[PDB]
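Participant: I'd like to ask you about the structure that follows.
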Amino acid sequence: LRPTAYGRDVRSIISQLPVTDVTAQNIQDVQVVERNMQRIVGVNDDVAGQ
Amino acid sequence: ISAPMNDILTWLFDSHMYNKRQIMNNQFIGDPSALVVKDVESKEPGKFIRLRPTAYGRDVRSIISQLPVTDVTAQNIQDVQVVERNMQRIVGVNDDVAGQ
Amino acid sequence: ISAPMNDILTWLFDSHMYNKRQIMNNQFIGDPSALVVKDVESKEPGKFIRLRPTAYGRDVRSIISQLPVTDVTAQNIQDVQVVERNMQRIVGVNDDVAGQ
Amino acid sequence: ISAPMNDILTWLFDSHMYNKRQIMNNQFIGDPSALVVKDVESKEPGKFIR
Amino acid sequence: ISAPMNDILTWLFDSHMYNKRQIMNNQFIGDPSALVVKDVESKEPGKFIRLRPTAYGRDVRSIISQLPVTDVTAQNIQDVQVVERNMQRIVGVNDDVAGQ
Amino acid sequence: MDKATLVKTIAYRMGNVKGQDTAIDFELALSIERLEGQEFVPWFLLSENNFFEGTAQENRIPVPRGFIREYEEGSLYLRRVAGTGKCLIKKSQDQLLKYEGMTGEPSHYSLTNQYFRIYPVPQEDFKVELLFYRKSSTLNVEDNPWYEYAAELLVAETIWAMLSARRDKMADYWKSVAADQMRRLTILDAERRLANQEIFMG
Amino acid sequence: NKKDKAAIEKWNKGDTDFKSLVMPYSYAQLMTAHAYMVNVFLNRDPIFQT
């Protein structure tokens, strides 16, 4: 700490901004659309089979 | 054909590596005045860092503490795995689509 | 061909090791005045570290404490594992590709 | 060929062993004045430290 | 050849055992004045330790308590296991090496 | 500032007093004497390197003349004849009784009131050096350090004393002023010392 | 190590302490290798064959 701040508490001065990606769950959605694509084309298709 | 994707992979790796380099080292933040210094700088196994008289009543935590750091770019790994699967699909060397 | 990668591995190991060297030893931070010293320095199995006369009525918990240390470079291990897999891919000695 | 590595192993072991030696013993911190002492120093199974 | 190591094992066992001897017994810390004594010293199955007349209105929880003790030398067991494996390596009677 | 300016300022700020001039000098010397007795020691009371020669078989080394304390970032150093040396280590006396009779160069010490003790009792003449704090009257400097560096603290303190005898209530005010001046002086000492210094853990 | 002489003294008195050592690993590996070689060449029935 600088001279003018000799007695301050260390915890208060610097901190890291918190960030989160809310678009990180798009993965479950990708998986659905792909299954739906297999259904139209019929190359490796869920239907016909249990 | 695969060049466009490969790059996305290099970008991911490099970003992660550059952000780790900058912040992942152990470092501490503290008030210089309250402690006797030569004591701080010793690696002996048991050592008492003696406080100078003024801080005899202060919260010890306040005097010395370690800055907290986290890498937010450490989840790029899930993303790498997706792009690689997508790469196997274009080339067709070991591919998911043929039989899932 | 693989040297560019190997070098990345060496950097990781060395960084972790140096950061460990600096902070691992177990050290305590404390107020010298409040305790009788010869007592602190004894390794006998049961020992009462007596407060000094001038501190007869103080609370014991406040006077001495151990500094907390953590290694933030201890996760470099997941990163080592990736680079090694990538190395197997260039050389092709035990390679992930060709196979599911 | 292996010498350089073996050493790293000896260093690790020795450091650990030296740090354990210094601090791992049961010890207590207390105010001498408040208690009757002979009581503290008894190993009998049930004892009231007055 | 193995004596240097065996000796390390003996030190560990002995340290743990001596530290246990010193503090294990179950002991209580309390204020003698507040309770009628003969009551404390009875092993009958249901017994009410009565507060003395001079303490008729006091709260029961405050007067007597059991000192907390822990053995910090109780983890020496993980360390014993390592040294033993290292001993099998020098002698070669039941050895980890040669085999995965 | 110097003594004449100090006396003039003390007389002026006490109410333009003119009759008393000798009492001001008396209570100006007593003010320094009182300040030297308190716990806080400024940086300008640090001495220079001093060496002591001692005969064989005496472990007791007398304390230096104006000793107040031992310099923390300092040590007692044995200077061997060749010019090399070692730094002696301080322990309590109880802790240094194992050594009686073990033989060799001195290695540890204890301070017990008026005497430094070298427990590995030397069998030949030795020589040690030390840095420590001293009372000013014993410093080897041209002018009292206090006059140059802490002049305001001095003025206030003197005024309190003089006024307290006349029973004005202004005193408490001047004691508060002196306390503030000493509080500010303590911060400088740290700053002066901690300037251009970098601290690394371990 | 310097701390070692003290430990040896404790042991003589009846007590126990830590004295330093160099880890085995490398030795074990040489010995395992020597064995492979002895078995492959020397322990055979004819040894030199034509």
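Chain lettering (A, B, ...) mirrors the order of the structure tokens, residue numbering begins at 1 for each chain separately, and ligand numbering begins at 1 in order of display.
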Compile the residues of chain F that lie within 12 Å of chain B, evaluated using only C-alpha atoms, and express the compilation as a ChimeraX atom specification.

Facilitator: /F:39-40,72-74,183,186-202

Participant: Just need chain B moved onto chain C: least-squares over all Cα atoms matched in order, then output as a tab-separated table (two decimals) with N, CA, C and O atoms, in the first residue's frame.

Facilitator:
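Writing done, so here's part-v7.tsv:
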```tsv
chain	number	residue	atom	x	y	z
B	1	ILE	N	9.47	-31.66	-34.86
B	1	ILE	CA	8.06	-31.43	-35.04
B	1	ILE	C	7.38	-31.25	-33.72
B	1	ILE	O	6.45	-30.48	-33.61
B	2	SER	N	7.88	-31.88	-32.68
B	2	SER	CA	7.21	-31.84	-31.42
B	2	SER	C	7.79	-30.83	-30.52
B	2	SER	O	7.30	-30.62	-29.44
B	3	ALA	N	8.85	-30.19	-30.94
B	3	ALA	CA	9.54	-29.26	-30.07
B	3	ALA	C	8.71	-28.13	-29.63
B	3	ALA	O	8.76	-27.74	-28.49
B	4	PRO	N	7.93	-27.59	-30.53
B	4	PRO	CA	7.19	-26.49	-29.97
B	4	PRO	C	6.29	-26.88	-28.81
B	4	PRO	O	6.22	-26.14	-27.86
B	5	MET	N	5.59	-27.98	-28.89
B	5	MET	CA	4.79	-28.44	-27.77
B	5	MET	C	5.54	-28.84	-26.53
B	5	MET	O	5.08	-28.58	-25.44
B	6	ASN	N	6.67	-29.51	-26.66
B	6	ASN	CA	7.37	-29.97	-25.49
B	6	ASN	C	7.67	-28.80	-24.62
B	6	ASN	O	7.64	-28.90	-23.42
B	7	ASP	N	8.00	-27.68	-25.21
B	7	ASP	CA	8.38	-26.57	-24.42
B	7	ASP	C	7.23	-26.16	-23.61
B	7	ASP	O	7.40	-25.76	-22.48
B	8	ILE	N	6.04	-26.19	-24.16
B	8	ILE	CA	4.93	-25.69	-23.40
B	8	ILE	C	4.87	-26.58	-22.23
B	8	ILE	O	4.61	-26.14	-21.14
B	9	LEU	N	5.19	-27.84	-22.40
B	9	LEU	CA	5.15	-28.64	-21.16
B	9	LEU	C	6.19	-28.28	-20.08
B	9	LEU	O	5.88	-28.25	-18.86
B	10	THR	N	7.41	-28.02	-20.49
B	10	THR	CA	8.43	-27.63	-19.55
B	10	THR	C	8.04	-26.35	-18.90
B	10	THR	O	8.16	-26.23	-17.69
B	11	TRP	N	7.51	-25.40	-19.64
B	11	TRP	CA	7.09	-24.20	-18.93
B	11	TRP	C	6.07	-24.49	-17.89
B	11	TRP	O	6.25	-24.11	-16.72
B	12	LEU	N	5.06	-25.28	-18.21
B	12	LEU	CA	4.10	-25.50	-17.15
B	12	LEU	C	4.74	-26.12	-15.91
B	12	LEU	O	4.62	-25.57	-14.76
B	13	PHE	N	5.56	-27.15	-16.10
B	13	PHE	CA	6.12	-27.80	-14.91
B	13	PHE	C	6.96	-26.86	-14.11
B	13	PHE	O	6.87	-26.82	-12.89
B	14	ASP	N	7.80	-26.10	-14.77
B	14	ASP	CA	8.68	-25.25	-14.01
B	14	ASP	C	7.95	-24.18	-13.28
B	14	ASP	O	8.30	-23.86	-12.16
B	15	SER	N	6.94	-23.59	-13.88
B	15	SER	CA	6.26	-22.60	-13.12
B	15	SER	C	5.67	-23.21	-11.89
B	15	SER	O	5.82	-22.66	-10.76
B	16	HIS	N	5.06	-24.37	-12.04
B	16	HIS	CA	4.43	-24.88	-10.85
B	16	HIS	C	5.47	-25.09	-9.81
B	16	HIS	O	5.31	-24.68	-8.67
B	17	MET	N	6.58	-25.68	-10.18
B	17	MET	CA	7.56	-25.99	-9.17
B	17	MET	C	8.15	-24.78	-8.50
B	17	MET	O	8.40	-24.80	-7.33
B	18	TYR	N	8.40	-23.73	-9.24
B	18	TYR	CA	8.87	-22.52	-8.59
B	18	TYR	C	7.87	-21.85	-7.67
B	18	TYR	O	8.25	-21.33	-6.65
B	19	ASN	N	6.59	-21.85	-8.00
B	19	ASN	CA	5.67	-21.26	-7.02
B	19	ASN	C	5.49	-22.05	-5.73
B	19	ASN	O	5.15	-21.48	-4.74
B	20	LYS	N	5.68	-23.35	-5.71
B	20	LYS	CA	5.53	-24.19	-4.55
B	20	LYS	C	6.68	-23.95	-3.68
B	20	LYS	O	6.55	-23.90	-2.49
B	21	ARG	N	7.84	-23.82	-4.26
B	21	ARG	CA	9.02	-23.65	-3.48
B	21	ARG	C	8.89	-22.44	-2.62
B	21	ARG	O	9.21	-22.51	-1.45
B	22	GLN	N	8.44	-21.32	-3.15
B	22	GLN	CA	8.37	-20.08	-2.41
B	22	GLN	C	7.43	-20.07	-1.24
B	22	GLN	O	7.76	-19.55	-0.20
B	23	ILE	N	6.24	-20.64	-1.37
B	23	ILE	CA	5.28	-20.52	-0.29
B	23	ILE	C	4.91	-21.72	0.55
B	23	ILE	O	4.32	-21.55	1.59
B	24	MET	N	5.23	-22.92	0.15
B	24	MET	CA	4.77	-24.06	0.93
B	24	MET	C	5.62	-24.51	2.07
B	24	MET	O	6.22	-25.56	1.97
B	25	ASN	N	5.69	-23.75	3.15
B	25	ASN	CA	6.43	-24.13	4.34
B	25	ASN	C	5.58	-23.65	5.48
B	25	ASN	O	4.96	-22.61	5.36
B	26	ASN	N	5.53	-24.35	6.59
B	26	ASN	CA	4.63	-23.94	7.63
B	26	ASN	C	5.23	-22.76	8.37
B	26	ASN	O	6.34	-22.85	8.82
B	27	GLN	N	4.49	-21.67	8.52
B	27	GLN	CA	4.99	-20.46	9.14
B	27	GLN	C	3.89	-19.78	9.88
B	27	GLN	O	2.76	-19.89	9.48
B	28	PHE	N	4.21	-19.02	10.92
B	28	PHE	CA	3.21	-18.43	11.77
B	28	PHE	C	3.40	-16.98	11.96
B	28	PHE	O	4.51	-16.53	11.92
B	29	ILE	N	2.33	-16.25	12.18
B	29	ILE	CA	2.42	-14.83	12.42
B	29	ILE	C	1.93	-14.50	13.80
B	29	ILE	O	0.90	-14.96	14.20
B	30	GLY	N	2.67	-13.73	14.57
B	30	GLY	CA	2.28	-13.48	15.95
B	30	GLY	C	2.78	-12.26	16.69
B	30	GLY	O	3.64	-11.58	16.20
B	31	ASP	N	2.25	-11.98	17.88
B	31	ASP	CA	2.73	-10.87	18.68
B	31	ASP	C	3.75	-11.35	19.66
B	31	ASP	O	3.43	-12.12	20.53
B	32	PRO	N	4.98	-10.89	19.53
B	32	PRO	CA	6.04	-11.40	20.39
B	32	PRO	C	5.84	-11.12	21.85
B	32	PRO	O	6.17	-11.92	22.68
B	33	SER	N	5.31	-9.98	22.17
B	33	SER	CA	5.17	-9.57	23.54
B	33	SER	C	4.33	-10.39	24.44
B	33	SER	O	4.64	-10.51	25.60
B	34	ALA	N	3.25	-10.94	23.98
B	34	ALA	CA	2.34	-11.62	24.86
B	34	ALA	C	2.68	-12.96	25.44
B	34	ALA	O	1.97	-13.42	26.29
B	35	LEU	N	3.73	-13.61	24.99
B	35	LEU	CA	4.01	-14.95	25.42
B	35	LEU	C	5.39	-15.11	25.98
B	35	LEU	O	6.23	-14.28	25.70
B	36	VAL	N	5.65	-16.14	26.77
B	36	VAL	CA	7.00	-16.41	27.25
B	36	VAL	C	7.64	-17.22	26.16
B	36	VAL	O	7.13	-18.26	25.84
B	37	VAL	N	8.73	-16.77	25.57
B	37	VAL	CA	9.35	-17.40	24.38
B	37	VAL	C	9.97	-18.78	24.36
B	37	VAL	O	9.78	-19.51	23.43
B	38	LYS	N	10.67	-19.15	25.39
B	38	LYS	CA	11.33	-20.42	25.44
B	38	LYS	C	10.30	-21.49	25.34
B	38	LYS	O	10.59	-22.57	24.88
B	39	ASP	N	9.10	-21.23	25.82
B	39	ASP	CA	8.01	-22.17	25.72
B	39	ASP	C	7.60	-22.43	24.30
B	39	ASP	O	7.24	-23.53	23.98
B	40	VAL	N	7.61	-21.42	23.45
B	40	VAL	CA	7.21	-21.57	22.07
B	40	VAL	C	8.15	-22.50	21.42
B	40	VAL	O	7.75	-23.34	20.64
B	41	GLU	N	9.41	-22.39	21.74
B	41	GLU	CA	10.41	-23.21	21.14
B	41	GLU	C	10.69	-24.51	21.80
B	41	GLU	O	11.83	-24.78	22.10
B	42	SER	N	9.70	-25.35	22.00
B	42	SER	CA	9.93	-26.66	22.54
B	42	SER	C	9.12	-27.62	21.81
B	42	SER	O	8.01	-27.32	21.47
B	43	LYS	N	9.65	-28.81	21.57
B	43	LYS	CA	8.97	-29.82	20.78
B	43	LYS	C	8.42	-30.95	21.59
B	43	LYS	O	8.04	-31.96	21.04
B	44	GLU	N	8.38	-30.81	22.89
B	44	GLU	CA	7.93	-31.86	23.76
B	44	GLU	C	6.50	-32.14	23.51
B	44	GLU	O	5.76	-31.30	23.09
B	45	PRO	N	6.10	-33.37	23.77
B	45	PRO	CA	4.73	-33.62	23.40
B	45	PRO	C	3.64	-32.81	24.07
B	45	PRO	O	2.76	-32.42	23.34
B	46	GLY	N	3.61	-32.53	25.34
B	46	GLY	CA	2.51	-31.76	25.86
B	46	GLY	C	3.11	-30.57	26.49
B	46	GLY	O	3.95	-30.74	27.35
B	47	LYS	N	2.72	-29.38	26.11
B	47	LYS	CA	3.41	-28.23	26.62
B	47	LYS	C	2.43	-27.14	26.67
B	47	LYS	O	1.61	-27.04	25.78
B	48	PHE	N	2.51	-26.28	27.66
B	48	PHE	CA	1.56	-25.23	27.82
B	48	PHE	C	2.41	-24.02	27.52
B	48	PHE	O	3.44	-23.85	28.12
B	49	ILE	N	2.01	-23.20	26.57
B	49	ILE	CA	2.73	-22.01	26.26
B	49	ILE	C	2.09	-20.99	27.16
B	49	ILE	O	0.98	-20.60	26.94
B	50	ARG	N	2.80	-20.52	28.18
B	50	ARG	CA	2.20	-19.64	29.16
B	50	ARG	C	2.16	-18.23	28.72
B	50	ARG	O	3.16	-17.68	28.33
B	51	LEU	N	1.00	-17.61	28.79
B	51	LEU	CA	0.90	-16.23	28.42
B	51	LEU	C	1.47	-15.36	29.49
B	51	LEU	O	1.43	-15.72	30.64
B	52	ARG	N	2.04	-14.22	29.14
B	52	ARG	CA	2.53	-13.25	30.11
B	52	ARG	C	1.30	-12.53	30.60
B	52	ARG	O	0.30	-12.50	29.90
B	53	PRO	N	1.36	-11.85	31.75
B	53	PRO	CA	0.14	-11.30	32.36
B	53	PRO	C	-0.75	-10.39	31.57
B	53	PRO	O	-1.95	-10.47	31.73
B	54	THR	N	-0.21	-9.55	30.73
B	54	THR	CA	-1.03	-8.58	30.05
B	54	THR	C	-2.12	-9.14	29.19
B	54	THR	O	-3.19	-8.55	29.13
B	55	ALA	N	-1.89	-10.25	28.50
B	55	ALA	CA	-2.87	-10.77	27.54
B	55	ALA	C	-3.82	-11.75	28.12
B	55	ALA	O	-4.47	-12.47	27.39
B	56	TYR	N	-3.97	-11.75	29.43
B	56	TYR	CA	-4.76	-12.75	30.09
B	56	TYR	C	-6.17	-12.76	29.59
B	56	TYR	O	-6.82	-13.77	29.65
B	57	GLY	N	-6.68	-11.64	29.14
B	57	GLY	CA	-7.99	-11.68	28.56
B	57	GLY	C	-8.16	-11.68	27.07
B	57	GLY	O	-9.28	-11.65	26.60
B	58	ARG	N	-7.08	-11.67	26.31
B	58	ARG	CA	-7.16	-11.57	24.85
B	58	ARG	C	-7.54	-12.86	24.18
B	58	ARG	O	-7.33	-13.94	24.73
B	59	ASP	N	-8.11	-12.76	22.98
B	59	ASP	CA	-8.52	-13.93	22.25
B	59	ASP	C	-7.27	-14.63	21.91
B	59	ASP	O	-6.39	-14.03	21.31
B	60	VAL	N	-7.18	-15.91	22.20
B	60	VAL	CA	-5.94	-16.60	22.01
B	60	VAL	C	-5.61	-16.61	20.56
B	60	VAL	O	-4.45	-16.60	20.19
B	61	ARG	N	-6.62	-16.64	19.73
B	61	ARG	CA	-6.35	-16.73	18.32
B	61	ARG	C	-5.59	-15.56	17.87
B	61	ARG	O	-4.73	-15.65	17.03
B	62	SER	N	-5.91	-14.42	18.42
B	62	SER	CA	-5.26	-13.21	18.02
B	62	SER	C	-3.77	-13.25	18.30
B	62	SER	O	-3.00	-12.68	17.56
B	63	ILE	N	-3.35	-13.82	19.41
B	63	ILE	CA	-1.95	-13.81	19.75
B	63	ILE	C	-1.05	-14.58	18.81
B	63	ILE	O	-0.04	-14.04	18.42
B	64	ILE	N	-1.40	-15.81	18.43
B	64	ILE	CA	-0.62	-16.63	17.48
B	64	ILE	C	-1.54	-17.26	16.49
B	64	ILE	O	-2.53	-17.81	16.89
B	65	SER	N	-1.20	-17.22	15.21
B	65	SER	CA	-1.99	-17.85	14.17
B	65	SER	C	-1.13	-18.23	13.00
B	65	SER	O	-0.08	-17.67	12.84
B	66	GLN	N	-1.56	-19.14	12.17
B	66	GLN	CA	-0.76	-19.59	11.06
B	66	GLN	C	-1.24	-19.00	9.82
B	66	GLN	O	-2.42	-19.00	9.57
B	67	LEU	N	-0.35	-18.48	9.01
B	67	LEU	CA	-0.71	-17.82	7.78
B	67	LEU	C	-1.24	-18.81	6.82
B	67	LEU	O	-0.66	-19.87	6.65
B	68	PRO	N	-2.32	-18.48	6.15
B	68	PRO	CA	-2.87	-19.38	5.16
B	68	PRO	C	-2.27	-19.22	3.77
B	68	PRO	O	-2.18	-18.11	3.28
B	69	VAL	N	-1.89	-20.32	3.13
B	69	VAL	CA	-1.27	-20.27	1.83
B	69	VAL	C	-1.94	-21.28	0.95
B	69	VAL	O	-2.39	-22.28	1.44
B	70	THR	N	-2.05	-21.00	-0.35
B	70	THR	CA	-2.68	-21.90	-1.30
B	70	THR	C	-1.88	-21.85	-2.57
B	70	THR	O	-1.33	-20.82	-2.86
B	71	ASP	N	-1.82	-22.92	-3.35
B	71	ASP	CA	-1.14	-22.84	-4.63
B	71	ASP	C	-2.18	-22.78	-5.69
B	71	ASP	O	-2.99	-23.67	-5.81
B	72	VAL	N	-2.16	-21.72	-6.47
B	72	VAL	CA	-3.13	-21.53	-7.49
B	72	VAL	C	-2.62	-22.12	-8.75
B	72	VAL	O	-3.33	-22.16	-9.72
B	73	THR	N	-1.40	-22.61	-8.74
B	73	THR	CA	-0.78	-23.15	-9.92
B	73	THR	C	-0.82	-24.62	-9.83
B	73	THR	O	-0.03	-25.29	-10.43
B	74	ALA	N	-1.70	-25.15	-9.03
B	74	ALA	CA	-1.76	-26.56	-8.84
B	74	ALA	C	-2.71	-27.25	-9.77
B	74	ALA	O	-2.89	-28.45	-9.68
B	75	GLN	N	-3.35	-26.51	-10.64
B	75	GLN	CA	-4.30	-27.09	-11.57
B	75	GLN	C	-3.70	-27.21	-12.92
B	75	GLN	O	-4.39	-27.51	-13.87
B	76	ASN	N	-2.44	-26.89	-13.04
B	76	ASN	CA	-1.76	-26.98	-14.29
B	76	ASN	C	-1.77	-28.41	-14.76
B	76	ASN	O	-1.39	-28.70	-15.87
B	77	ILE	N	-2.16	-29.33	-13.91
B	77	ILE	CA	-2.16	-30.73	-14.27
B	77	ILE	C	-3.16	-31.08	-15.35
B	77	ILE	O	-2.87	-31.87	-16.21
B	78	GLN	N	-4.35	-30.51	-15.32
B	78	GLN	CA	-5.31	-30.73	-16.39
B	78	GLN	C	-4.79	-30.23	-17.68
B	78	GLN	O	-5.02	-30.84	-18.71
B	79	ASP	N	-4.13	-29.09	-17.66
B	79	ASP	CA	-3.49	-28.57	-18.84
B	79	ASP	C	-2.35	-29.42	-19.37
B	79	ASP	O	-2.22	-29.58	-20.55
B	80	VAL	N	-1.55	-30.03	-18.52
B	80	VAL	CA	-0.54	-30.92	-18.99
B	80	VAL	C	-1.17	-32.04	-19.75
B	80	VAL	O	-0.74	-32.36	-20.83
B	81	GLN	N	-2.25	-32.60	-19.28
B	81	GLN	CA	-2.82	-33.71	-19.94
B	81	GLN	C	-3.31	-33.40	-21.26
B	81	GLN	O	-3.29	-34.26	-22.09
B	82	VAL	N	-3.84	-32.22	-21.51
B	82	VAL	CA	-4.23	-31.87	-22.86
B	82	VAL	C	-3.10	-31.77	-23.83
B	82	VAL	O	-3.16	-32.36	-24.88
B	83	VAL	N	-2.02	-31.12	-23.47
B	83	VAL	CA	-0.90	-30.92	-24.35
B	83	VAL	C	-0.29	-32.24	-24.69
B	83	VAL	O	0.18	-32.42	-25.77
B	84	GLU	N	-0.25	-33.17	-23.79
B	84	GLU	CA	0.27	-34.45	-24.13
B	84	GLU	C	-0.56	-35.17	-25.15
B	84	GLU	O	-0.02	-35.81	-26.01
B	85	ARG	N	-1.86	-35.09	-25.08
B	85	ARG	CA	-2.70	-35.69	-26.09
B	85	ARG	C	-2.51	-35.08	-27.40
B	85	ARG	O	-2.55	-35.76	-28.38
B	86	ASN	N	-2.34	-33.79	-27.45
B	86	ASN	CA	-2.05	-33.12	-28.67
B	86	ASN	C	-0.73	-33.54	-29.23
B	86	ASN	O	-0.59	-33.53	-30.42
B	87	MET	N	0.26	-33.84	-28.42
B	87	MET	CA	1.54	-34.37	-28.89
B	87	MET	C	1.49	-35.72	-29.49
B	87	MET	O	2.28	-36.04	-30.32
B	88	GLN	N	0.61	-36.57	-29.01
B	88	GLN	CA	0.42	-37.89	-29.57
B	88	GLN	C	-0.18	-37.78	-30.92
B	88	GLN	O	0.08	-38.61	-31.75
B	89	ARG	N	-0.97	-36.78	-31.18
B	89	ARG	CA	-1.54	-36.55	-32.48
B	89	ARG	C	-0.58	-36.13	-33.56
B	89	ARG	O	-0.68	-36.61	-34.66
B	90	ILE	N	0.34	-35.24	-33.29
B	90	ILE	CA	1.30	-34.92	-34.32
B	90	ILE	C	2.20	-36.06	-34.70
B	90	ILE	O	2.31	-36.39	-35.86
B	91	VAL	N	2.83	-36.70	-33.73
B	91	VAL	CA	3.76	-37.78	-34.00
B	91	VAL	C	3.09	-39.01	-34.47
B	91	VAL	O	3.56	-39.68	-35.37
B	92	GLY	N	1.96	-39.32	-33.88
B	92	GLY	CA	1.31	-40.55	-34.23
B	92	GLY	C	1.82	-41.77	-33.54
B	92	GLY	O	1.56	-42.87	-34.01
B	93	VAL	N	2.52	-41.62	-32.44
B	93	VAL	CA	2.92	-42.77	-31.67
B	93	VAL	C	1.89	-42.84	-30.60
B	93	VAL	O	1.90	-41.98	-29.72
B	94	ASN	N	0.97	-43.80	-30.69
B	94	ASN	CA	-0.14	-43.96	-29.73
B	94	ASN	C	-1.08	-42.82	-29.89
B	94	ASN	O	-1.10	-41.95	-29.05
B	95	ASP	N	-1.91	-42.81	-30.93
B	95	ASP	CA	-2.76	-41.63	-31.16
B	95	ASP	C	-4.27	-41.71	-30.99
B	95	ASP	O	-4.90	-42.73	-31.30
B	96	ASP	N	-4.85	-40.64	-30.46
B	96	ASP	CA	-6.31	-40.60	-30.32
B	96	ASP	C	-7.09	-40.58	-31.62
B	96	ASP	O	-8.02	-41.33	-31.77
B	97	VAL	N	-6.65	-39.83	-32.62
B	97	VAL	CA	-7.44	-39.67	-33.85
B	97	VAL	C	-7.77	-40.88	-34.66
B	97	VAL	O	-8.85	-40.95	-35.22
B	98	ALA	N	-6.89	-41.85	-34.73
B	98	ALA	CA	-7.13	-42.95	-35.62
B	98	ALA	C	-8.44	-43.67	-35.35
B	98	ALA	O	-9.18	-43.96	-36.29
B	99	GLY	N	-8.75	-43.95	-34.10
B	99	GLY	CA	-10.04	-44.54	-33.76
B	99	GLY	C	-10.76	-43.85	-32.64
B	99	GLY	O	-11.79	-44.35	-32.20
B	100	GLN	N	-10.22	-42.75	-32.15
B	100	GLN	CA	-10.78	-42.03	-30.97
B	100	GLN	C	-10.73	-42.88	-29.71
B	100	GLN	O	-11.49	-42.63	-28.78
```

Participant: If DSSP is run on the backbone, what residues of chain C are strand (DSSP E or B)? A reply as a list in words would be ideal.

Facilitator: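 Selecting the strand (DSSP E or B) positions of chain C gives residues 28, 29, 30, 35, 48, 49, 50, 51, 64, 65 and 66 of chain C.
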
Participant: Based on only C-alpha atoms, which of the residues in chain A come within 8 Å of chain B? I want them as number ranges by chain.

Facilitator: A: 1, 6-11, 16, 19, 43-44

Participant: Convert the current residue selection to file output with N, CA and C atoms, as a short mmCIF file (atom, residue, chain, number, x, y, z; two decimals), in the first residue's frame.

Facilitator:
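File written: out_4.cif
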```cif
data_model
loop_
_atom_site.label_atom_id
_atom_site.label_comp_id
_atom_site.auth_asym_id
_atom_site.auth_seq_id
_atom_site.Cartn_x
_atom_site.Cartn_y
_atom_site.Cartn_z
N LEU A 1 0.86 -1.15 0.00
CA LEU A 1 0.00 0.00 0.00
C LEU A 1 0.89 1.20 0.00
N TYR A 6 -1.24 3.92 4.30
CA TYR A 6 -0.57 2.91 5.11
C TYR A 6 -1.46 2.09 6.01
N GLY A 7 -2.53 2.64 6.54
CA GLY A 7 -3.34 1.90 7.48
C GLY A 7 -4.59 1.25 6.97
N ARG A 8 -4.80 1.26 5.67
CA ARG A 8 -6.04 0.74 5.11
C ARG A 8 -6.16 -0.77 5.16
N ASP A 9 -7.36 -1.31 5.06
CA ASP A 9 -7.52 -2.76 4.98
C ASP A 9 -7.25 -3.24 3.56
N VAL A 10 -6.43 -4.26 3.38
CA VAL A 10 -6.07 -4.75 2.06
C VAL A 10 -7.19 -5.30 1.19
N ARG A 11 -8.15 -5.97 1.78
CA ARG A 11 -9.20 -6.59 1.02
C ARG A 11 -10.02 -5.66 0.16
N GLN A 16 -11.81 -8.69 -8.75
CA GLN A 16 -11.97 -9.12 -10.11
C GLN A 16 -13.39 -9.16 -10.46
N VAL A 19 -17.89 -12.58 -14.33
CA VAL A 19 -18.52 -12.70 -15.62
C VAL A 19 -19.02 -14.10 -15.77
N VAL A 43 -31.04 -40.38 -42.47
CA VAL A 43 -29.74 -41.01 -42.42
C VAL A 43 -29.48 -41.13 -40.95
N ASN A 44 -29.58 -42.35 -40.42
CA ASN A 44 -29.43 -42.63 -38.98
C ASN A 44 -30.62 -42.01 -38.33
#
```

Participant: As number ranges by chain, list the residues of chain B assigned to helix (DSSP H, G or I) by DSSP on the backbone atoms of this structure.

Facilitator: B: 3-23, 32-34, 37-40, 53-55, 60-63, 76-91

Participant: Find the nearest atom pair between each residue of chain A and chain F for residues within 10 Å, count only C-alpha atoms, give distances in Å to one decimal, sort rows by chain and ascending number, and present the table as CSV.

Facilitator:
```
residue,atom,partner,partner_atom,distance
A:2,CA,F:191,CA,9.4
A:3,CA,F:191,CA,6.5
A:4,CA,F:191,CA,9.5
A:6,CA,F:187,CA,9.1
```

Participant: Please dump the current selection as a PDB file, in the first residue's frame; keep C-alpha atoms.

Facilitator:
```pdb
ATOM      1  CA  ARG A   2       1.248   3.524  -0.660  1.00  0.00           C
ATOM      2  CA  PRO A   3       2.302   5.842   2.078  1.00  0.00           C
ATOM      3  CA  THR A   4      -0.935   7.757   2.033  1.00  0.00           C
ATOM      4  CA  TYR A   6      -0.573   2.913   5.109  1.00  0.00           C
TER       5      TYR A   6
END
```

Participant: Find the residues in chain D near chain G: any atom within 7 Å counts, using only C-alpha atoms. Write them as a PyMOL selection string.

Facilitator: chain D and resi 2+6+9-10
